[PDB]
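Some notes on the structure that comes next.
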There are 2 protein chains.
Amino acid sequence: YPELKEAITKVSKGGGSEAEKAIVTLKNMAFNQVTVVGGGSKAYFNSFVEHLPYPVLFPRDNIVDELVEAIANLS
Amino acid sequence: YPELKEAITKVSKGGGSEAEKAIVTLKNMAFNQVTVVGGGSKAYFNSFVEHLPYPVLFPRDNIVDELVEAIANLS
């Protein structure tokens, strides 16, 4: 949830919707099974793309475009 | 492919036939399985045979002709 600190400020100062209170109360747990991530883009879908690691044994070189262009030109 | 520099020069200037263009395009794939020979007359069958050695015990002499001649000699 990107709006993490905002919810904390709202509850401390008063107000906030039911979702903010729920996330605040369920986030206070100090357990390793719950992870807290905050940021302007870390919680967004964009940051999730780069988090995926490449396999150790899977080849990393890209040779698909070469095959496609070879097929297009020669064939 | 006996003569490669000449064909490269010809195609670069804008000439060349369909076969030369096709082979040049085929050879332009960045793979380790591409092998090119420019030995000229060495690509001929005679040169390939001459370069190869033969086993000492391998049967290369002709004996059928001699046996046939000996058989025909009998009267």
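Reconstructed Cβ throughout: ideal geometry from the backbone, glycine too, with neighbour counts over all protein chains shown. Where a number appears in this text, it was derived from the coordinates with a stated rule and is not lab data.
Note on the range B:2-54: residues that are more than 30 Å from A:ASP61 (Cα to Cα) and within 21 Å of the chain's Cα centre (by Cα) total 23. Of all residues in the range B:1-59, those that are hydrophobic (A, V, I, L, M, F, W, C), free of Cβ contacts under 8 Å to residues at least 24 places away in the same chain and more than 13 Å from chain A (Cβ to nearest Cβ) total 10.
Scanning the range A:60-75 for residues that are away from chain B (no Cβ under 12 Å) and either in contact (Cβ under 8 Å) with a residue 40 or more places away in the chain or closer than 23 Å to B:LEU26 by Cβ (or both) yields A:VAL64, A:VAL68.
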